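K.L.:
show me the folded form of this:
(9 chains, ligands or ions: 26)
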Amino acid sequence: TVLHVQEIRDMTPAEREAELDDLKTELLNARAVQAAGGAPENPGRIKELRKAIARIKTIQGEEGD
Amino acid sequence: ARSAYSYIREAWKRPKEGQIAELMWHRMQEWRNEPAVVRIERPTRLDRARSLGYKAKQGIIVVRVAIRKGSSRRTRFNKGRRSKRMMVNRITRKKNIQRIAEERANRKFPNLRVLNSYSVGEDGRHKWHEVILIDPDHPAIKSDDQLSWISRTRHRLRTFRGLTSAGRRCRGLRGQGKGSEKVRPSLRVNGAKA
Amino acid sequence: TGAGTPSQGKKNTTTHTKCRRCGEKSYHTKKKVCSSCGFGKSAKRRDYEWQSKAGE
Amino acid sequence: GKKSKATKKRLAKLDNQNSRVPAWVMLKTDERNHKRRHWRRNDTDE
Amino acid sequence: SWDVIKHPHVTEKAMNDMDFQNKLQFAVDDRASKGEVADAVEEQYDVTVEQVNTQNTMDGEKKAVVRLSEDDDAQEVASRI
Amino acid sequence: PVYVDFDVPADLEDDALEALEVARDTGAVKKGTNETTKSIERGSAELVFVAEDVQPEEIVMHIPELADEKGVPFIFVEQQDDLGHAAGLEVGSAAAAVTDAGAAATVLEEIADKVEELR
RNA sequence: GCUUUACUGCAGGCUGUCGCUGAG
RNA sequence: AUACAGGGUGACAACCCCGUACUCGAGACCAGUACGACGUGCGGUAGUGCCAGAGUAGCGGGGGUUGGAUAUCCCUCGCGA
RNA sequence: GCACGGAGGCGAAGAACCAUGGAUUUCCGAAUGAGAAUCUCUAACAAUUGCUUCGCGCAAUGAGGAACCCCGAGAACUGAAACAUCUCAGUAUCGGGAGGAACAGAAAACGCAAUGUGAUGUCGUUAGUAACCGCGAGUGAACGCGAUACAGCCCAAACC
Ligand SMILES: [Cl-]
Ligand SMILES: [Cl-]
Ligand SMILES: [K+]
Ligand SMILES: [Mg+2]
Ligand SMILES: [Mg+2]
Ligand SMILES: [Mg+2]
Ligand SMILES: [Mg+2]
Ligand SMILES: [Mg+2]
Ligand SMILES: [Mg+2]
Ligand SMILES: [Mg+2]
Ligand SMILES: [Mg+2]
Ligand SMILES: [Mg+2]
Ligand SMILES: [Mg+2]
Ligand code: NA
Ligand code: NA
Ligand code: NA
Ligand code: NA
Ligand code: NA
Ligand code: NA
Ligand code: NA
Ligand code: NA
Ligand code: NA
Ligand code: NA
Ligand code: NA
Ligand code: NA
Ligand code: NA
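P.N.:
Residues are numbered from 1 along each chain as shown, chains lettered A, B, ... in the order given. Ligands and ions are numbered 1, 2, ... in the order given. Coordinates below:
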């Protein structure tokens, strides 16, 4: 959603990796908040975070990194 | 004029006479100390081989195989058997020793396929046959207009299906007429009565 | 001693276990052979024609 | 008995499958766990 | 590729270790060694790992008790997540 | 071995091969057992060479007697590849035939004599 | 299931012969 | 209505909905086949005993198999053009 | 998703959904570096092979699959109103192996004997005929004919 395919393709191999490691962190912090019975959740995103990471990984592969 | 080959053939018509007789007596001594399946650089009976399909080419292999002589090495029945079926000494397998050789040779070279085979003698308890195998994956054979047919997938494991020379012969498929009623097109299709 | 109830008491030996290959609990840990799929004995899978009616 | 890491994983899964169908699924399906296994009454594999 | 740290194991006992012993507990990938857990931990939270204790749980997961150096403070490191 | 009834001294063999080389250049030679056999049969062979390291021996067994009942002279060579090389081949050769020597009909004729004497 | 000089066969043991197998 | 096959729809539906007749499109199989073409060269006369697949053809012992009987097919032992 | 809850989210940046193609595709598993009840130990075509730059460099095999197919091994209950040959039956079951079909196949054939037919399967018939058999119980073709579909070729050798 908030992160579309075009935008991923408009990134440089280095920006994808930086974005990648960024999403991963948001994800990890989401799981922590969840692991702590944290209610300030928004289920729709922890799900999107996974998909976004998938897309980036998919693109990194299509572009050759 | 006579080919040089014709001589090798003439000699092998009476393997117990003249020079070949002495050769055998010599050879067999080394053969007896050799294994079950031994690849040999050249065919002992060159005329034969070439006549079977042999070619001094890449992808063509020849091997001598040693098999024990005689009838079925058959375990007696451990339960109820009518007299007729109580047999052990006189039963003999329905596949000939030459065919056993082909299979043994072939198993030794899993990637190769049996082209043909011929006998090269026997002593008191062995029988030896030389098998001609072919490497269906080696170009030069893939590209040989005379052997490329064996490369076909339909030919995987010819021997084990009796597609061989001795295979068809042993299956009773020699005659096209009288007597092959229960033979053609297959033993199994004819209820196995030949 | 009764071969019955009283002889059931010594049965605390482990034999057939969860098979790595077929997932059945038929891997005889002492034989290292699966009684279900043949793993450990045959590369090909265990199977027999008598596992069903002759015409089926 | 001495359990291996694998064995331990399996027993663990078995324990987890031993939970009940969550209440919400009842409501979502407008209306049973047939794989309920008691440690004493039932026997696991291996 | 699998990641080393899965998430923070937060339970009453985990709290006690954190408040009284300066330790952090985590759910980690069971293929991870103490060494790997130590490194992964330092790089993610920028601290100094002093010791790691592991346990393969009856939950199918691996738990790591990570003690930080007196220089670092578990209570704080954990408060930002 | 079984078809070899007399040993040819190293030196004789050398004179033989040498003659063979000049034969391919000055005269005519047949390379290979089959071609050789036909020379002896067609009578066009003057001197035939037979290797002693041939396996199987069947390939050559016939040369001797065949050449005897055709009057054709023959000599043994130890190495199969030397005969091949001498005949001008990159490969070995179990048997060769000097079909009408060349600038060697002399040396040759005499090798034939030396062998006949070698019994 | 068992037995035997019940019937018929089968291993196995003994023995002759042929092949392996040659010289005086 | 070239559509009255069948189904759905709060009860028995050609005309409420899906579809059905008609027409049309796509994929797969037929098939790397048929047809077409490229290269090659078929065939005939006279002369010539140059060539043409061996443990084979064939015989005997013993077994198995077959409708195969003397006259099936196969295996084994021995002999062998 | 089945799955009709709660919360939240995605979709006109054309989502859901469908087709085709592509990415990802843990561990065991033929399971192939080695060991192991799905894990572990310190680079790996393990094993057997072909080719070979003789170095795992280039390749092959392995195992699956509903039955069908081909090659091997091969019962007994039963029938014969007992039972041995015979029958059940080359059935059941076992070992090996191929393909999308297998197998067979261009006559050392047939032998309505001919001035005749003309590769091979299969279907129908020929026929329960010929043939077998304690000549008992049983067993049991083929040539030909009518159809289906059609297709004919390559070596070995001579001479080079
Ligand atoms: Cl094969
Ligand atoms: Cl006719
Ligand atoms: K019976
Ligand atoms: Mg008892
Ligand atoms: Mg619990
Ligand atoms: Mg520990
Ligand atoms: Mg019978
Ligand atoms: Mg392994
Ligand atoms: Mg009866
Ligand atoms: Mg009667
Ligand atoms: Mg058929
Ligand atoms: Mg019958
Ligand atoms: Mg007939
Ligand atoms: Na093979
Ligand atoms: Na038969
Ligand atoms: Na229990
Ligand atoms: Na967890
Ligand atoms: Na009894
Ligand atoms: Na016989
Ligand atoms: Na996949
Ligand atoms: Na491989
Ligand atoms: Na290699
Ligand atoms: Na009766
Ligand atoms: Na009775
Ligand atoms: Na009878
Ligand atoms: Na007629």
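
K.L.:
for the residue of chain C found nearest ligand 1, helix, strand, or coil?
P.N.:
Nearest to ligand 1 in chain C, going by C-beta to the ion, is residue C:44, at a distance of 18.8 Å. C-beta: built from backbone N, CA, C; applies to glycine. Here residue C:44 takes the coil state, with states given by DSSP: H, G, I helix; E, B strand; the rest coil.

K.L.:
got the contact list for it?
P.N.:
residue C:38 (C-beta atoms under 8 Å, 6 or more residues apart in numbering or on different chains).

K.L.:
now do it against residue C:21, distance only.
P.N.:
Residue C:44 sits 12 Å away from residue C:21, going by C-beta to C-beta, to the nearest Å.

K.L.:
kindly report the same for residue D:26.
P.N.:
Residue D:26 sits 39 Å away from residue C:21, going by C-beta to C-beta.

K.L.:
which of these two has more residues huddled nearby?
P.N.:
When neighbours are counted by other C-beta atoms under 10 Å in any protein chain shown, residue D:26 and residue C:21 differ, and residue C:21 comes out ahead with 13 against 10.

K.L.:
what's the following helix or strand after the longest helix along chain D?
P.N.:
Determined from DSSP state H, the single longest helix within chain D is helix D:5-17. Counting by DSSP states H and E, the next helix or strand C-terminal to helix D:5-17 is helix D:23-28.

K.L.:
could you see whether RNA strand I lies near that next one?
P.N.:
Yes: contact of helix D:23-28 with RNA strand I (C-beta under 7 Å from any atom of the strand) involves D:24, D:25, D:27, D:28.

K.L.:
now whichever residue of chain A sits closest to ligand 1: which helix or strand?
P.N.:
Relative to ligand 1, the nearest point of chain A is residue A:61 (43.2 Å; C-beta to the ion). Element membership of residue A:61, judged by DSSP H and E, is helix A:44-63.

K.L.:
now what about that helix, what contacts it?
P.N.:
With C-beta under 8 Å, 6+ apart as the test, helix A:44-63 has contacts from A:1-3, A:5, A:8-9, A:13, A:16-17, A:19-20, A:23-24, A:26-27, A:30-31, A:34.

K.L.:
out of these, who's near chain E?
P.N.:
When contact is defined as C-beta under 8 Å from any C-beta of the partner chain, the contacts of helix A:44-63 meet chain E at A:24, A:31, A:34.

K.L.:
among those, who's most crowded?
P.N.:
Per-residue neighbour counts (other C-beta under 10 Å) across the ones next to chain E among the contacts of helix A:44-63 peak at residue A:31, which has 19 neighbours.

K.L.:
next, it: secondary structure please.
P.N.:
Of the three states, residue A:31 takes helix according to three-state DSSP.

K.L.:
I'd say it and residue E:3 touch.
P.N.:
No: the criterion here is C-beta atoms under 8 Å, and residue A:31 misses it with residue E:3 at 10.7 Å.

K.L.:
roughly how far apart are the residue of chain A found nearest ligand 14 and chain C?
P.N.:
In chain A, the residue that lies nearest ligand 14 is residue A:61 (40.9 Å; C-beta to the ion). Distance of residue A:61 to chain C, given as C-beta to the nearest C-beta, to the nearest Å: 33 Å.

K.L.:
and residue E:46, by the same measure?
P.N.:
From residue E:46 across to chain C, the span is 43 Å (C-beta to the nearest C-beta).

K.L.:
which element is residue E:25 on?
P.N.:
Assigned by DSSP H and E, residue E:25 falls within strand E:23-28.

K.L.:
that should have said residue E:67, apologies.
P.N.:
When elements are assigned from DSSP H and E, residue E:67 belongs to strand E:62-68.

K.L.:
distance of residue A:38 relative to RNA strand H?
P.N.:
Distance, residue A:38 to RNA strand H, by C-beta to the nearest atom of the strand, to the nearest Å: 46 Å.

K.L.:
which residue comes closest to that residue once chain neighbours are left out?
P.N.:
In space, and not counting its chain neighbours, residue A:38 is closest to residue A:32: 7.9 Å by C-beta to C-beta, 6 or more residues apart in numbering or on different chains.

K.L.:
does the one you found touch residue E:81 like I think?
P.N.:
Yes: between residue A:32 and residue E:81 a contact is recorded at 4.2 Å, counting by C-beta under 8 Å.

K.L.:
overlap in contacts of those two?
P.N.:
By C-beta under 8 Å, 6+ apart, the residues touching both residue A:32 and residue E:81 are residue E:8.

K.L.:
nearest to chain C: which residue in chain D?
P.N.:
residue D:45 (3.7 Å; C-beta to the nearest C-beta).

K.L.:
could you say which helix or strand holds that residue?
P.N.:
Assigned by DSSP H and E, residue D:45 belongs to neither a helix nor a strand.

K.L.:
what residues are up against residue F:26?
P.N.:
By C-beta under 8 Å, 6+ apart, residue F:26 lies in contact with F:101, F:102, F:103, F:104.

K.L.:
name the element residue F:111 belongs to?
P.N.:
Per DSSP H and E, residue F:111 falls inside helix F:105-117.

K.L.:
who are the packing partners of that helix?
P.N.:
Where contact means 3 or more C-beta pairs under 8 Å, 6 or more residues apart in numbering or on different chains; DSSP states H and E, helix F:105-117 is packed against helix F:10-26, strand F:47-51, strand F:74-77.

K.L.:
for RNA strand I, what's its nearest residue on chain B.
P.N.:
In chain B, the residue that lies nearest RNA strand I is residue B:177 (1.9 Å; C-beta to the nearest atom of the strand).

K.L.:
surely that residue is in a helix?
P.N.:
No: per three-state DSSP, residue B:177 lies outside any helix segment and is coil.

K.L.:
what's around it, how many residues?
P.N.:
With other C-beta under 10 Å as criterion, residue B:177 counts 6.

K.L.:
got it, and the one 3 residues further on?
P.N.:
A total of 16 residues lie near residue B:180 under the criterion other C-beta under 10 Å.

K.L.:
separation between residue C:18 and residue A:33?
P.N.:
Residue C:18 sits 38 Å away from residue A:33, going by C-beta to C-beta.

K.L.:
most proximal residue of chain A with respect to chain D?
P.N.:
Closest point on chain A to chain D, by C-beta to the nearest C-beta, is residue A:43, at 13.8 Å.
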